[PDB]
Amino acid sequence: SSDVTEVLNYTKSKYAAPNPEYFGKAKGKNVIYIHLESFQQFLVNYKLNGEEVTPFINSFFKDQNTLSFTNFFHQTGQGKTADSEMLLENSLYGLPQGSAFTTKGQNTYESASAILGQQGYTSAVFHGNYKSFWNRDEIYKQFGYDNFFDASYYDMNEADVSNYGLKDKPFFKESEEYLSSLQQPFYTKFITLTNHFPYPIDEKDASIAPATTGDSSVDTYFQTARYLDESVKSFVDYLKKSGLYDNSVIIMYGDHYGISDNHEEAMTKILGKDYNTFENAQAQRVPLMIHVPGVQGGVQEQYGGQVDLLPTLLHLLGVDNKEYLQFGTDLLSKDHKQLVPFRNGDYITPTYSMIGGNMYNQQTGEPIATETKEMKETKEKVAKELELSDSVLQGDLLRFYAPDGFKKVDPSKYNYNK
Ligand SMILES: O=P([O-])([O-])OC[C@H](O)CO
Ligand SMILES: [Mg+2]
């Protein structure tokens, strides 16, 4: 009520207006999210022993129609993969502890699948694991996802299944039948899973040798990244052959880090510089590559986070999001602020960053002993933003508010069983 009012006053004052060069430039197009599991931005153009680890994704990165972000950060917490989903579908953060998917599965949401539903978009999630995991079966219905093609829809023979479920290559290949019979325009997300810690892979599935740092999970990380790269290349081939490549916004993104801060000696070797607390913060960059048919792309260096993605996508589709309780801003807008909150209260700006609660020069990596007024102000803005987002989840505030003309999801109308 007055909680709803405080949040909307905050979000509306933050709102960044669309860029006229990009607004609606993909109106009516399909959306295909390619979820790169545990994939960090440092992998892009990375060479292991003279050899590109992820060559197809590198080519996608540089494609003429691709908007490619080099300073884009994950903003997840203990909810991990489920947190990135909360961020992408709602422009809401996960919780400061535990998993929002687990505990807020019966909250009211006004998510991307619902917003695009208003305009006749069909929606679907594809995932090679069972719908019970991370409580997806429950919360997707509140999101208004028309479909959830989970492991029940796939051939889970033991040759094709890993320890998290179906491997990416048979997953993408068996998804084609389902995607091709989905009514267009559609809104879809493909959640991959082979690239999970500690990154095991059979020798015969591996086309690249492990790194040689002596840290097992860092060394085989490159091998599962390469395998994921190859599976994604096959998927895009299908998309080109089926004609979906030309009528869809295809978005590759990473959900969270692959290597933790507990592998400093190995990551020192991998990145060629001392992997200290600052560098570890810098390693929280994940890819964001938005391929838009007919629009000139280019490298995007403006700082941003996963919270900013839904406002960015909606503006590309020609949909205005000003009245929605969403905490991110359009990444292509000139009014987008280059400020990236972490879930623990840390933050990244192009000049100064707070990392582990301490201040650093973002350009040089040098510690700054004392917070200035400006650093303190930014810190409190970040704490305020996270608190208001938490107030939406903890207060279940979307019960009490929807933008005018928005029609709400009836979650009882969805069933994902075969
Ligand atoms: O134990 P580590 O290597 O720090 O990290 C392990 C992963 O974060 C758990 O999935
Ligand atoms: Mg993940």
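Remember, it's 1-based here, ligands and their atoms both numbered in the order they're listed. Values reported hereafter were calculated over all heavy atoms of this structure, with side chains retained and with hydrogens, waters and symmetry mates removed. Counting from 1, the numbers follow the sequence of the chain as shown.
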Do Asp308 and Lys337 sit within salt-bridge range, that is, some charged N less than 4.0 Å from a carboxylate O?
-> no
Any donor and acceptor pair, going by atom type alone, linking the side chain of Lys14 with main-chain N or O of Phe327 inside 3.5 Å?
-> yes
Is it true that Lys376 and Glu380 have a side-chain N and a carboxylate O under 4.0 angstrom from each other?
-> yes
Would you say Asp146's side chain and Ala124's backbone share a donor-acceptor pair under 3.5 angstrom?
-> no
Enumerate the pairs of nitrogen or oxygen atoms, one from ligand 1 and one from the protein, separated by less than 3.5 angstrom; state names and distance to 0.1 Å.
unit_1	atom_1	unit_2	atom_2	d
ligand 1	3 (O)	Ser260	OG	3.4
ligand 1	3 (O)	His263	NE2	2.7
ligand 1	4 (O)	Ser260	OG	2.4
ligand 1	4 (O)	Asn262	ND2	2.6

Per the ring-ring contact (aromatic ring centres under 6.0 Å, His included) rule, which among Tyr253, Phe190, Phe126 passes with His35?
-> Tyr253
Is it true that the side chains of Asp83 and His256 contain a donor and an acceptor less than 3.5 Å apart?
-> no
What are the protein N/O/S atoms, named by residue and atom, that sit under 2.8 Å from the Mg ion (ligand 2)?
-> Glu37 OE2, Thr81 OG1, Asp255 OD2, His256 NE2
Residue pair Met86 / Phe101: nearest heavy atoms and the distance that separates them = N-CE1, 3.9 Å
Is the closest side-chain donor-acceptor distance between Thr11 and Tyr324 under 3.5 Å?
-> no
May I ask you to decide whether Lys384 forms a salt bridge with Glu387, counting only side-chain N to carboxylate O separations under 4.0 Å?
-> yes
